[PDB]
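# Inside the fold
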Amino acid sequence: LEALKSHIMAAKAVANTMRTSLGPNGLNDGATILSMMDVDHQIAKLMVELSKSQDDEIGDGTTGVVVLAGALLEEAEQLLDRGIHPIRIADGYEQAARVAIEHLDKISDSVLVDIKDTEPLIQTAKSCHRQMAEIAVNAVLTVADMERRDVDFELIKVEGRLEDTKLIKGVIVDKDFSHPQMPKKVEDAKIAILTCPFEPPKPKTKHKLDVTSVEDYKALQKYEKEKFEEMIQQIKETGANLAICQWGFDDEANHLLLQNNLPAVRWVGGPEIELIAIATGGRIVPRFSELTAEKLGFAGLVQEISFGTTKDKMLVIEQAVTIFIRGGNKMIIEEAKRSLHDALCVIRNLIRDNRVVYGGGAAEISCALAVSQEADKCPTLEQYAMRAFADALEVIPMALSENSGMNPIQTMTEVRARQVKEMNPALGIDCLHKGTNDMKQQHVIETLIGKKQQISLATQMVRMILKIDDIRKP
Amino acid sequence: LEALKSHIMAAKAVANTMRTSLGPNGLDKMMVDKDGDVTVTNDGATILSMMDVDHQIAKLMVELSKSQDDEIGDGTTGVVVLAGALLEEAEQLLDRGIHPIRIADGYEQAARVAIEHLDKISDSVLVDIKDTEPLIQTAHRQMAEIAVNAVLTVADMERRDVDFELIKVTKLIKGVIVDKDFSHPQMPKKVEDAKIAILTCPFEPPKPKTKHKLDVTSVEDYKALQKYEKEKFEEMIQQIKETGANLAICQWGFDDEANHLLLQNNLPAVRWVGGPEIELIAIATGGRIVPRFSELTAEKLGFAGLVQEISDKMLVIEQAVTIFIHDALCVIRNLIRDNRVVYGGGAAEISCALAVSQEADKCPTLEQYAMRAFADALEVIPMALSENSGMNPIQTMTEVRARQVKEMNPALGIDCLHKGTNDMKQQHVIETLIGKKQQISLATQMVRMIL
Amino acid sequence: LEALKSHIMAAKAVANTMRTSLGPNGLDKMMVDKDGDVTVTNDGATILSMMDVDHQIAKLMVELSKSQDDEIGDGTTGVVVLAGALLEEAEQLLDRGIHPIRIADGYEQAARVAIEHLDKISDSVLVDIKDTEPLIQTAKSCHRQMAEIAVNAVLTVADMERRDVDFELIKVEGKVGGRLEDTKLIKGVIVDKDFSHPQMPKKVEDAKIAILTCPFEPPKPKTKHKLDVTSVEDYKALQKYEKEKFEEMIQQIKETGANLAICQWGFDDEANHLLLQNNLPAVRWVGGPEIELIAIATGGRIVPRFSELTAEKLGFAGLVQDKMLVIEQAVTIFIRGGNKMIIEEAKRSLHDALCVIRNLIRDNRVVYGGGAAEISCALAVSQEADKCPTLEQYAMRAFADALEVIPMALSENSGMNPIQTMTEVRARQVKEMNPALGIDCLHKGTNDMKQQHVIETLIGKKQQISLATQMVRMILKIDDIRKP
Amino acid sequence: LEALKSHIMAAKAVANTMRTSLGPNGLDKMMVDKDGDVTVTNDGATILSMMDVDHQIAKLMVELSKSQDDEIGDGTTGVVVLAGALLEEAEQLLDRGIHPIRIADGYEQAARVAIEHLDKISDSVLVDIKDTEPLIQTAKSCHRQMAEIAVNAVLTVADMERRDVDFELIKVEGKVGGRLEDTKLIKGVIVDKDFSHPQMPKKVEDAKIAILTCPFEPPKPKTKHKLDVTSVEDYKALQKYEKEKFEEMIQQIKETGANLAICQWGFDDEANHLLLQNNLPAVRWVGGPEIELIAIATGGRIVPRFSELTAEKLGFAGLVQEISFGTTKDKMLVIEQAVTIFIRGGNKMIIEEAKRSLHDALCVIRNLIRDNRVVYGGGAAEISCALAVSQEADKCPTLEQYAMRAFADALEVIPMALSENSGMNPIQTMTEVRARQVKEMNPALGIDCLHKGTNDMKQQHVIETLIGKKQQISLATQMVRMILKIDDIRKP
Ligand SMILES: Nc1ncnc2c1ncn2[C@@H]1O[C@H](COP(=O)(O)OP(=O)(O)O)[C@@H](O)[C@H]1O
Ligand SMILES: Nc1ncnc2c1ncn2[C@@H]1O[C@H](COP(=O)(O)OP(=O)(O)O)[C@@H](O)[C@H]1O
Ligand SMILES: Nc1ncnc2c1ncn2[C@@H]1O[C@H](COP(=O)(O)OP(=O)(O)O)[C@@H](O)[C@H]1O
Ligand SMILES: Nc1ncnc2c1ncn2[C@@H]1O[C@H](COP(=O)(O)OP(=O)(O)O)[C@@H](O)[C@H]1O
């Protein structure tokens, strides 16, 4: 049994590590903290990969996920001391999780779309953020489904006065394309995406190619050039226009492309190939034998663009959008991308589910209330498990008050008392010493599907850990 | 949790290290580096540009005090000292049970109080004519006469205020001067209307990428080989001469009769210049750099009006000035951005401490205490100065503060040079409003980040 | 704070070493004497008595628990196990950040709530005519006999005409060797110590007894005194002097009647012979308690000098006859059994019975045990806790949980699933409105503790909850243990 | 200077151990007795009485505190807490370069400011009629009897004649067993010590008491000699000799008409036999104290010589009674002329809480007789005094300025500690309470460390006796001054 308590102490150590980074006064962004911190325990490795890739790619609030999981396990230990089997604790945790998720529907205030309604909600995820809200709303709406379904994913990425921030109709990419004397504007680009090397086909037998004179040296250069010309014709045989290429060719070879009118980009990175292959839909060609008119990107416009000193190229009309934040100072960016990411994510969740619950611990407290209600009407030991789930739900408001210098148990208990007395499920922690506790008066929303993903994912992690023993590491 | 007092102890150790080098009576520091010479000097700008990094917070003290202040002001030592004082008081606040967030917020509010109070203390300096010069005498007046014009040549003087870091070191040159002669003197010693071709590429024949082992037999093929690579070199000369070409600046060299190959082709060049010289010329003449192996175009060439060799070589009619033979140019630039000044010697810190104290006396939430702490933190600048001049620190500082309240003179402050009547006004100890604002705001950013 | 958590750990260990011996299926625990015998027995009173302690907190617990509850009767184990539960909950409250003083205050609140609720659970028992015993067979084959012996012994030895108190001059003498049920109630006192010199008559009518604590020594002098015998005539004069003063002692005793004369110290084998030639018969080597029992039972005197003996102070006993003392001015119970362990166990159960009777005389209200009263008090405490704002709230709820350790322990001691049985009995108690519903740790089929008759005395349970709350309050308020 | 900062660390250690035991919610401190019982109680006087006396600075604080405050008042904890606060504040002034003498002089200045401000804060209380009793309940659930017992104890042994100062003539005897309500008021004296014999009359009425300090011993020569008895007849003659002189001393006592005779020192096993058969009730082996109580209570003079007394120097206790308490027994003197309080409670340690609590009540009443002015506690007087000290501090030039401000802050340790001892946020609660004192102009507003009701200390009736607080701040300033002026601690 002790292995379970060891796991509980490990995951509890992770959650306690990430408690102080919860809330606006955190000490952060738990997504980056988990994405960077290295973990020794396998249970700590399992705290990540479940909180990171499952929640950062759907919603946000990863810190709340790991903290809630740590509280759940910490209560589950005290439940283990009474002799309750871990399967019972996990089942009760699942039942209480159902209760809370259902209570989210009862707390939820619904917001509409298509006329503001989301942009003002985006002003909360941060003048400095009105134009960014506009760019996020129009960005998601540009690549949104909206033919009911209400599911559209991140085909949108951001590149590094902020009033000059643009929405790029297609895809922006670095790398001026090989030799400036090439046509700076390719119209209807039949892109050839190649991840293959540019070397003559070397025979696979004993070489020792003893070139004895300068004449045979120049002839060797002429052969090495001839094979490359053959490659140019092998590419232009199925749609020229452009040729995205990882690997380079250097000065002598570049000309041959220019002379043969085949615009091309030199040794792009890992991305910018996947980026352009997704934008233009053209399949990548990795081999020097497997390219045709079927594996070609279908760009409508490709052009090189300068900014005084450096220059990058854009490709628009592609078969699906990017955000270009030009603002200078370069200390602002990578942080405008965080609030803008929260914008795009909150918008995506609002398209998926247009219901919001009010944060600051309010929804946590009222969910703990509902779970406690469904616990007081139950026999079997799962009763204690449900009450423990409520107590674990009440760690988010406690953690907020803690990180804001307030007395956690006192302020949390008083706020819960106000939630029961005033029938207001939006009363929570102040966190900023800013007026009242009414979160709707403070504009703190958290998108029902996001909170539901928090509770559900934390429950999944906790149940998985509540099983697991023996860890057979070599 | 305990890591806060530890990090505060480390950054405070960095501050106490540089406490003795503050003021005109500051102590020098040996500071040798890797198996080389020794550079004895005070002025914490170069001290923090060196100083091995012990803690991660110890490095965090640099580049915030260094890159944020040296590029706007110069008072880096005051920045790190003030930061160490703010953290040292922040520890005492952490003893009372204050949360660090409230300490940082109170430090921000008090910083607003002081920065705004500087506007009230500020004296105005006039521009557009001669007598910005004598002010510079505070930071053989010729240097001043050189500095002012040196900025004014590359300054806007209208409302955009950008002239940053384009000047370097008894006369002023309207362009840029660089070393490294013309490489083979038979070249034109005065290139006129120079379409400078700045290439940072190697000069080698394009070797193939397959198995070689060139087995040249009998001197015949040896001479044929030398003639071959010289032929390709001539092809390169025609690659540059195809685009303006008037002059060619190269990071790599040739180092034989290849110079003649240029001379016979009439393409003057310069051999083996460094990076922080190629960039200097490239921005000076506005000529894009060519990195790839002689894949250039006519737009990536400099357009310098005149470049000539002198008994080194000079580049004029460029764009963008150099002084032919900083402590003044920074003050001048700050005066152009904002012509308001405050009086140093710790006076501005004492009056700002008074303003923060007053604005803290009527205050609710615990940030009150923090603000009070901030005031005391500022008063470390006078005391330290007194300490560096052998005077009783708290005695002298208390007297100067009491006089600043009694006489309503926000310029009374430490006369560490033991010269005169404690006034700083008729002592000409000036500190340029933007500089002091940058000090307070920067130290506040460091402290609030460590918290 | 860490020192307080260590104190909670030591106290919790003391409780864990005790909860296994709670209830009728309680385990035994050897507890060897000081390089001597053993005493295999549950009943946490003797356990805490014979237990030596290491930690000062444990020492404090062992002193405070026996300081009151054992002087009341049963429940000495419930004090330490309930204290351990309260401290174990108080730890989980400390981890939340609640100050210890708030936990203690909430524990006092819940203590008053539960103690007030016991008055509502309470029933009533009558004390004037018999059939108190049905409440006594619960305290302990021959339960009716022992119950009648205890009730008669207490009702004989009691004020009861107001004052409502009982002073235990009841002596329980257990003689190994008998037939399990030959236990008799003797209107008088019985002690061992045979008559000195066998030829003294084993029967004294109208025995006027002289109780002495003086040594049978020649009248010694004071000051320095060095005695030098210079001739055989002075040696014989010494022996004759001591015989003279001795017979002076005997005649001095017989001047006041003195049919018998118990003495605490011994004789000389020459002494008891001179006592045989006179009609004095005496007993020797009795002992302090055994001469106090005779002192108040016979209307004695206990004089430490023979020469100051007067007839007015003699203790009258109608018949002195081990040796029995009947007809005097005081009752004793003579337990008889078989294989060395019939008694001592009969002594223990009889002690429990006498305690129950005395407490019933003090307060004739009872609550039904088996953990039922603890569950009902827990329901009341949590109910009042839901109607409380400040942090004390939590503490009160914790107190409730702490109470529910008494069922869980009992269940645990009878092989049942503690959580499941305690929860089932708590739900059955909520729905049936039956506060006399508890753990059936004897496997009798029923759960109603009114049936099966499990009694616990109101003031006994009150003393349990109050004393345990006091101990937990002290342990929670202690730090900086000096140890000079 | 390093020695001085070491002294500050030791003193502030003594303070840090005791600020947790400040207020009604103070922690208990186990402190066992060397190899015996324990004494678990929150009380600065007792905690400093035990107190691991290690550092000479700590022993110095323990010396001064009990040397004055506990001998005149009671507030022994706030002296050491405030002293530790003042030294901890003085450390940062030492680091600023301020000389210790300037610091101590500043603490004296601000201490005078606060002591003078207490007079402004002071309120009043009446005497002789029922007004003192209720404000004894605050010296703490049946404490209504505590007030009555203490007030009747001070007013029975009345000063009444003015000049207004009086203590000793009150003993508190505690016998374990019972409940707190069993505490009864006062008639005369109650001491331990059974008589001297079982058959001694347990009730000696109209007892003319003989108070002796002599031994009941036939006087020895004292010259180094050896008593050699050569025959049994001379042995008997010795017994008759010393019995004879014993009886001479007995009849020497009862010739003055002594119905009772206390002895204290010498009393053999033959002596009480000869005193019983002579019908002279007597008690032996009584301490030095509990005899002058008999001398003043029964108006008798202490007879020194081996029975050279007259009826002029005898007692006159109306009824002497021996009382049993289960197994032990005490001796009480009623109808005398000096009183004593008999306390019951049981549970081995309740009769200690209630004992020193009653002591605190008696001290409060005595201080009210001295000066019937009080300030309202709960840290209110400390906060108001801190406000005054800061007011005078901002209007001061030389470095004493800083010291004065320090003193202010030091005072505010008393509220914070209280807040800390009640689970509240100390800095926030103290700050808010002080701001409320400024706005509402209510100097009787301090930490509600009992969590019951409002904030103003006029309700809850928390009084402090002006003389007590004045002597508190004065004594703490004495400690801090002495420690500041100390270095070099030699200690051979
Ligand atoms: N303005 C606000 N006021 C109160 N609580 C907030 C506010 N903004 C965010 N929070 C709370 O902070 C919690 C965690 O967010 P944060 O600490 O920023 O990182 P993450 O979103 O990764 O958890 C959320 O549960 C939310 O309730
Ligand atoms: N002549 C002077 N009289 C008084 N103070 C001076 C004088 N010159 C410089 N100072 C003070 O010295 C401080 C620090 O300057 P210094 O130690 O030379 O390097 P840095 O400017 O990098 O801190 C300034 O804040 C200024 O107030
Ligand atoms: N026959 C019984 N049926 C159910 N419970 C019982 C029975 N006898 C005793 N108990 C329970 O056992 C508990 C402990 O009693 P015991 O261990 O004998 O001594 P103590 O009362 O000192 O703990 C009591 O609280 C009582 O409720
Ligand atoms: N009922 C109360 N309410 C508020 N404060 C109190 C109360 N009783 C005592 N105090 C405070 O406790 C402080 C210290 O008293 P205490 O802890 O009993 O030890 P001492 O009397 O030795 O100082 C006093 O300054 C007083 O202000």
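Residues numbered from 1 in each chain as written, not as in the entry; some residues may be left out. Chains lettered and ligands numbered in written order. Part of a larger assembly, values for the part shown. Heavy atoms only, no water.

As summarised from the PDB record, the model derives from X-ray crystallography at a stated resolution of 3.500 Å.

What counts here: UniProt positions are given in the numbering used here, feature names are shortened, and annotations may be inferred rather than shown by experiment.
Going by the PDB entry, chain D carries the name T-complex protein 1 subunit epsilon and comes from Homo sapiens. Looking at chain D in UniProt, the text filed under Catalytic activity is "ATP + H2O = ADP + phosphate + H(+)". A UniProt comment under Sequence similarities is attached to chain D, and it reads "Belongs to the TCP-1 chaperonin family."

In the annotation of the PDB entry, chain B is listed under the name T-complex protein 1 subunit epsilon and assigned to Homo sapiens. Heading Catalytic activity of the UniProt record for chain B holds this comment: "ATP + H2O = ADP + phosphate + H(+)".

### Some details on the domain arrangement of chain D
All names here are of chain D. We count it as follows: Boundaries of every domain are those given by an automatic assignment or by a domain database. Whether two residues touch is decided by their heavy atoms; if any such pair falls within 4.5 Å, the residues are in contact. Once two parts are put together, the accessible area they lose, assessed with a 1.4 Å probe and summed over both, is termed the buried area. Salt bridge, as applied in this entry: a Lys or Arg side-chain nitrogen positioned within 4 Å of an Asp or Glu carboxyl oxygen. The definition of a polar contact used here is a pair of N or O atoms within 3.5 Å, where within protein one atom must be able to donate a hydrogen and the other to accept one, and adjacent residues in sequence count solely through side-chain atom pairs. Secondary structure follows DSSP: runs of H or I at least 4 residues long count as helices, runs of E at least 2 residues long count as strands, and numbering of each begins at the N terminus.
The domain architecture assigned to chain D consists of domain 1 (1–124 + 373–492), domain 2 (125–187 + 338–372) and domain 3 (188–337). The centre of domain 1, based on its C-alpha atoms, is set 27 Å off from the matching centre of domain 2. Opposite the 20 residues of domain 1 that make contact, domain 2 presents 16 residues. Across the domain 1 to domain 2 interface the summed buried area is about 1,500 Å²; carbon plus sulfur atoms make up 50%. When the buried area of domain 1 at its contact with domain 2 is split by residue, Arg 373, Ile 463 and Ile 467 rank highest and sum to 31% of it. The interface formed by domain 1 and domain 2 holds two salt bridges in total. As a salt-bridge pair, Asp 371 and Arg 373 come within 2.6 Å of each other at their nearest N and O atoms. Scanning the region where domain 1 abuts domain 2 turns up three residue pairs in polar contact. Broken down by secondary-structure element, the contributors of at least two residues to the side of domain 1 that touches domain 2 are α3 (56–72) and α15 (466–484).

### Examining unusual backbone geometry
All names here are of chain C. Going by this rule: Only protein chains enter the area calculation, which uses a 1.4 Å probe; residues under 20% of their type maximum are buried, those over 50% are exposed, and those in between are partly exposed.
Non-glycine residue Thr 223 carries a positive phi angle of around 60°. Mapped onto the secondary structure, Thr 223 falls in the loop between β5 (204–209) and β6 (226–227). When its relative accessible area of 34% is taken as the criterion, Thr 223 is described as partly exposed. A positive phi angle, near 65°, is found at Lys 340, a position not held by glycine. Summarising the element assignment, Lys 340 is placed in the loop between β11 (332–337) and α11 (342–362). Accessibility expressed as a relative area gives 66% for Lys 340, which makes it exposed.

### Considerations on a nonpolar patch on the surface
This is how it is decided: Within the patch definition used here, like charges are joined within 9 Å and nonpolar side chains (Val, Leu, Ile, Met, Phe, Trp, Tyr) within 5 Å, considering only residues with over 30% relative accessible area and no salt bridge. Each accessible area is a Shrake-Rupley estimate made with a 1.4 Å probe; only the visible protein chains count as cover when residues are assessed.
A cluster of nonpolar side chains, namely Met 30, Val 32, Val 38 and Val 40 of chain B, defines an oily patch on the protein surface of about 360 Å² accessible area. Examined against the element boundaries, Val 38 of chain B turns out to sit in the loop between α1 (3–17) and α2 (44–49).

### Some remarks on the sheet that holds strand β10 (residues 328–334) of chain D
Note on sheets: strands pair through backbone hydrogen bonds, and any given pair is parallel or antiparallel. Residue and element names in this part refer to chain D. The following threshold applies: In this analysis, strands are considered paired if DSSP registers two or more bridges between them. Angles here are taken between N-to-C directions and fall from 0 to 180 degrees, while the axes themselves are lines fitted to C-alpha atoms, restricted in helices to the stretch in contact.
With antiparallel pairing, the four strands of this open sheet are ordered in space as β2-β10-β9-β3. Looking along the sheet, the strands with just one partner apiece sit at the ends: β2 (189–191) and β3 (203–207). The mean inter-strand angle of the sheet, taken between neighbouring strand axes irrespective of direction, is 20°. Two strands pair when backbone bridges link them, and β2 and β10 are joined in this way by three bridges, in the antiparallel orientation. Bridging from a neighbouring strand, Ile 190 pairs with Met 332 of β10.

### Quick word on the site of ligand 3
Residue and element names in this part refer to chain C. The condition is simple: The near set for a molecule or strand comprises every residue that places at least one heavy atom within 4 Å of it.
Lining the immediate environment of ligand 3, one finds 16 residues, of which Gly 23, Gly 75, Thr 76, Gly 370 and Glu 456 sit closest. Here an oxygen atom of ligand 3 sits 2.9 Å away from a polar atom, N or O, in the main chain of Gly 75. Within the contact set of ligand 3, an oxygen atom lies 3.0 Å away from a backbone nitrogen or oxygen of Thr 76. Relative to its free-state accessible area of 560 Å², ligand 3 is covered by the protein chains to the extent of 83%.

### What about the packing of aromatic side chains?
Cut-off, in case you're wondering: The pairing test for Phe, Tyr and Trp rings, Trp by its six-membered ring, is centres within 6.5 Å, and the orientation test on the planes gives stacked under 30 degrees, edge-to-face over 60, and tilted for anything in between. By definition here, charges over rings are those cases where NZ of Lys or CZ of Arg is within 6 Å of the ring centre and within 35 degrees of the ring normal.
Here the structure, examined in full by the defined rule, presents 18 aromatic pairs over all chains. Ring geometry for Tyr 217 of chain A and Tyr 228 of chain B: centres 6.0 Å apart, planes at 80°, overall edge-to-face. Of this pair, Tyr 217 of chain A sits in helix α8 (residues 214–236) while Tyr 228 of chain B sits in helix α8 (residues 218–241), placing the two residues on different chains. Given the relative accessible area of 7%, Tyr 228 of chain B is considered buried. A cation sits over an aromatic face here: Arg 82 of chain A above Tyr 384 of chain A, 5.5 Å from the ring centre. Across the ring face of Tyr 369 of chain B, the terminal group of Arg 96 of chain B is positioned such that the distance to the ring centre comes to 5.2 Å.

### Regarding the packing of helix α7 (residues 142–153) of chain B against helix α11 (residues 329–337) of chain B
Residues and elements named next belong to chain B. Operational definition: For classification purposes, an angle smaller than 35 degrees is called roughly parallel, one larger than 145 roughly antiparallel, one from 65 to 115 roughly perpendicular, and anything else oblique. In this scheme, a crossing is called left-handed if the near helix is turned counterclockwise away from the far one by less than a right angle; it is called right-handed if the turn is clockwise. The residue classification treats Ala, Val, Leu, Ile, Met, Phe, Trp, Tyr, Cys and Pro as nonpolar and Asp, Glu, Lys and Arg as charged. All others, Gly included, are polar.
For the pair α7 and α11, the least separation of the axes is 9 Å and the interaxial angle reads 50°. If you check the angle between α7 and α11, you find them oblique. Where α7 crosses over α11, the two elements pack in a sense that is right-handed. Facing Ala 147, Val 148, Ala 150, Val 151 and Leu 152 of α7, the residues of α11 in contact are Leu 329, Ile 332 and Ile 336. Within the contact of α7 with α11, the residues separate by chemical class into eight nonpolar, no polar and no charged.

### Some thoughts on the nonpolar core
Just so we agree on the cut-off: Definition of nonpolar core: a set of buried residues of the types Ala, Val, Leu, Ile, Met, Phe, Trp, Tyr and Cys, connected through side-chain atoms within 4.5 Å.
Ranked by internal contacts, the top residues of the largest apolar core, which has 82 residues, are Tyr 107, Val 381, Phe 399 and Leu 476 of chain C. Apart from the residues lying within four places of it in its own chain, the contact partners of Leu 476 of chain C are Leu 4, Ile 8, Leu 87, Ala 90, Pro 100, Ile 103, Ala 104 and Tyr 107 of chain C. If you look at the next biggest cluster of nonpolar residues, it comprises 74 residues, including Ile 57, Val 113, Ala 393 and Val 480 of chain D.

### Observations concerning the site of ligand 4
Residue and element names in this part refer to chain D. Taken together, 16 residues form the shell around ligand 4, and within it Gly 23, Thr 76, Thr 77, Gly 378 and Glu 464 come nearest. Between ligand 4 and the protein, one listed contact pairs an oxygen atom with a side-chain N or O atom of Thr 77 at 3.2 Å. In this structure, an oxygen atom belonging to ligand 4 sits 3.0 Å away from a main-chain N or O atom of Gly 378. Here ligand 4, which alone exposes 560 Å², has 81% of that area covered by the protein. Tallied by class, the residues present in the shell around ligand 4 amount to five nonpolar, eight polar and three charged.

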